[PDB]
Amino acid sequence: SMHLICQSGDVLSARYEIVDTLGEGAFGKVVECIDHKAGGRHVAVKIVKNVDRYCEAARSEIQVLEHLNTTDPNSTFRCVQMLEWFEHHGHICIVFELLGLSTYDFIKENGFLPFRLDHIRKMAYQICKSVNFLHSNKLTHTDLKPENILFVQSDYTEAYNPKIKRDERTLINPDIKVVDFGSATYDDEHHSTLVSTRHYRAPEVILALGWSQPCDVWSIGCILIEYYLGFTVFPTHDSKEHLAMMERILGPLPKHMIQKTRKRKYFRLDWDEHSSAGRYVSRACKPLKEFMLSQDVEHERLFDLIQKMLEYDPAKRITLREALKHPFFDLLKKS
């Protein structure tokens, strides 16, 4: 089992000494290591489960990162740098530059207090820049979520907050990078039927209509809402209920998408508003703009961008290249 080979003090590839576990996901774990052959530099090492699905993703990710890292050697577009990879007791291990906390862990460890709007603006801009680089290179990420957006540096202050009695982290600089290219898919490759983590999954994915770069835009809009509220507006683990929540937040789905779904197993959604699930969706969900916490124009600008990212029709949906020009980002450009 992986626990036999990922302990503090273990040495991987005769050079990488484990000093901490940074976290786990379905894929395995990421550990922080000292690289004794690079002058003691700390790196991150992703230790992949020895299971075919994950091994296959890791091999794919290695090829995608080789491509992205060679194309953008300065990481101008903020995709994490892979340093090398190796095998350890049958596990694929990928070595990366050491980044800071995931945006998920940062918000979670703060009791789900939302990010400041000024930080959201900077983060959103960088996420759009980064993922647009993928889209410029005939790639779609497919698994964008706060866990896969990491802070570059550990540029925060921490203290034991008297009020809550737990420790709070406060961000100083919000710069990010994008990680996890194990689901990333080239335009000309086989597209998996099911992609994305449910809460970030676009309607064309749910409806098996075909997906491409626009499904990433949908996921980013969901991420930005989460950063702003501290929670998802789609609190569900069921596809039909997910669609009903979309309908309540965004309005009815377009006829053309309903009529294409040859898997019209969900259809007007066939949904009882008066059932337990129906009552839950009406309580939990409301039109998008009602989630705004301020009527100040910068909040309106953020919500306008989110609404465009959550456009049902993936053709009409704003592209990332267009998103970068949106008014929300003007504060970044006001020299």
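We call the rigid core whatever largest set of C-alpha positions still superposes within 1.5 Å between the two forms. All residue numbers refer to positions in the sequence shown, first residue = 1.
Could you check whether 167-175 or 127-135 drifts more from the shown form in 7 other deposited structures of this protein, using RMS Cα distance once the core is superposed? With the rigid core fitted, 167-175 is the stretch that strays more in 7 other deposited structures of this protein.
message: Stretch 307-315 versus stretch 5-13: after rigid core alignment, which one is farther off in C-alpha RMS in 7 other deposited structures of this protein?
response: The answer is 5-13, which departs more from the shown form in 7 other deposited structures of this protein.
Extent of unmodelled deposited sequence, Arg268 relative to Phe267: Missing in between: 1 to 3 residues.
Segment of higher mean CA temperature factor, 62-70 or 293-301: Comparing 62-70 with 293-301, the higher average CA B-factor belongs to 293-301.
Original post:
187-195 versus 123-131: which one carries the higher mean Cα B factor per the record?
Top reply: 187-195 has the higher mean C-alpha B-factor.
Would you mind finding, among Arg78, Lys108, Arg248, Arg201, the residue with the largest C-alpha temperature factor in the entry? Max CA B-factor in the entry, restricted to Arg78, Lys108, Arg248, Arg201: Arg248.
Original post:
When the CA B-factors of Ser136, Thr236, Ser102, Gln213 are compared as recorded in the entry, which is the largest?
Top reply: Comparing C-alpha B-factors across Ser136, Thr236, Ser102, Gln213, the maximum falls on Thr236.
query: Based on the entry's values, in what third of the chain does the Cα temperature factor of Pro146 lie: lowest, middle or highest?
result: For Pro146, the deposited C-alpha B-factor lands in the lowest third.
What third of its chain, lowest, middle or highest, does the C-alpha temperature factor of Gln259 fall into?
Highest third, going by the recorded CA B-factors of the chain.
* Third of the chain's Cα B-factor distribution that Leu209 belongs to, per the entry -> Its C-alpha B-factor belongs to the highest third of this chain's values.
### Message
Taking only the Cα B-factors deposited for this chain, tell me whether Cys33 sits in the lowest, middle or highest third.
### Response
For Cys33, the deposited C-alpha B-factor lands in the lowest third.
Against its chain's modelled residues, does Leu243's Cα B factor rank lowest, middle or highest third?
It belongs to the middle third of the chain when residues are ordered by C-alpha B-factor.
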